[PDB]
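Asker: Here it is, the structure in full.
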Amino acid sequence: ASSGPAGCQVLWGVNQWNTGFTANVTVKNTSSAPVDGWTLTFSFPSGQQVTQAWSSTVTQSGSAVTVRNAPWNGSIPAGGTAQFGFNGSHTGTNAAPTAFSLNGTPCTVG
């Protein structure tokens, strides 16, 4: 980025039962813009086979990931937060990386 995009962040709220880690994520934008829906992306380190999702149009590309959070559940102002989650099967390893990237901007986990 040869300019100065955003730099939001997202926290993780894992909840693994037997096998199926349900990640309760909460987006946090603070850069400076009316977030009326968005599309972040990064990749699952281990084999987080995500499948069930809500309040987020998740999409696993082979092994990577992307989430297009709807406009309604994505109506958070520059200094606000959003939230979504899903249920994926794990194996006991790294689940959430570090700084993912909103639709065109980085985002440090929380």
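Asker: Which members of region 3-45 meet the condition of being within 16 Å of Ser101 (Cα to Cα) and of a type in the set (A, V, I, L, M)?
Answerer: Passing the criteria: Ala6, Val10, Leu11, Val25, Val27, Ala33, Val35, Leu40.
Asker: Might you let me know whether region 37-54 holds any residue that is of a type in the set (A, V, I, L, M) and either part of a loop (DSSP other than H, G, I, E, B) or without any contact (Cβ under 8 Å) to a residue 12 or more places away in the chain (or both)?
Answerer: The answer is no; no qualifying residue exists.
Asker: Just one of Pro97, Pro71 is of a type outside the set (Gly, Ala, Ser) and more than 11 Å from the chain's Cα centre (by Cα); which is it?
Answerer: It is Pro71.
Asker: Is there a residue being part of a loop (DSSP other than H, G, I, E, B), surrounded by 14 or more Cβ atoms within 10 Å (Cβ to Cβ) and within 13 Å of the chain's Cα centre (by Cα) anywhere in region 13-34?
Answerer: No, there is no match, as no residue in region 13-34 is part of a loop (DSSP other than H, G, I, E, B), surrounded by 14 or more Cβ atoms within 10 Å (Cβ to Cβ) and within 13 Å of the chain's Cα centre (by Cα).
Asker: While we're on this one: Which is in contact with a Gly (Cβ under 8 Å, 6 or more places away or on another chain) and surrounded by fewer than 18 Cβ atoms within 10 Å (Cβ to Cβ), of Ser43, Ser61, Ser56, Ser75?
Answerer: Of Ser43, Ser61, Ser56, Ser75, the one residue that is in contact with a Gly (Cβ under 8 Å, 6 or more places away or on another chain) and surrounded by fewer than 18 Cβ atoms within 10 Å (Cβ to Cβ) is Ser75.
Asker: Take the residues in region 74-94 that are over 24 Å from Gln16 (Cα atoms) and assigned to a loop (DSSP other than H, G, I, E, B); name whichever of them is nearest to the chain's Cα centre (by Cα).
Answerer: Among those that are over 24 Å from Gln16 (Cα atoms) and assigned to a loop (DSSP other than H, G, I, E, B), it is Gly74.
Asker: Still on this structure, please answer the following. Exactly one of (1) surrounded by 14 or more Cβ atoms within 10 Å (Cβ to Cβ); (2) without any contact (Cβ under 8 Å) to a residue 12 or more places away in the chain is unmet by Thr98. Its number?
Answerer: Looking at each condition in turn, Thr98 falls short on (1).
Asker: Touching a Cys at 6+ places or on another chain (Cβ under 8 Å) and closer than 12 Å to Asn29 by Cα: is that true of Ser101 in this structure?
Answerer: When the stated conditions are applied, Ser101 passes them.
Asker: Among what's in region 55-73 and is in a loop (DSSP other than H, G, I, E, B) and small (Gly, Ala, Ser), pick the residue that is farthest from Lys28 (Cα to Cα).
Answerer: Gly62
Read-outs throughout are calculated quantities, based only on the coordinates presented, and are distinct from any laboratory measurement. Reconstructed Cβ throughout: ideal geometry from the backbone, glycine too, with neighbour counts over all protein chains shown.
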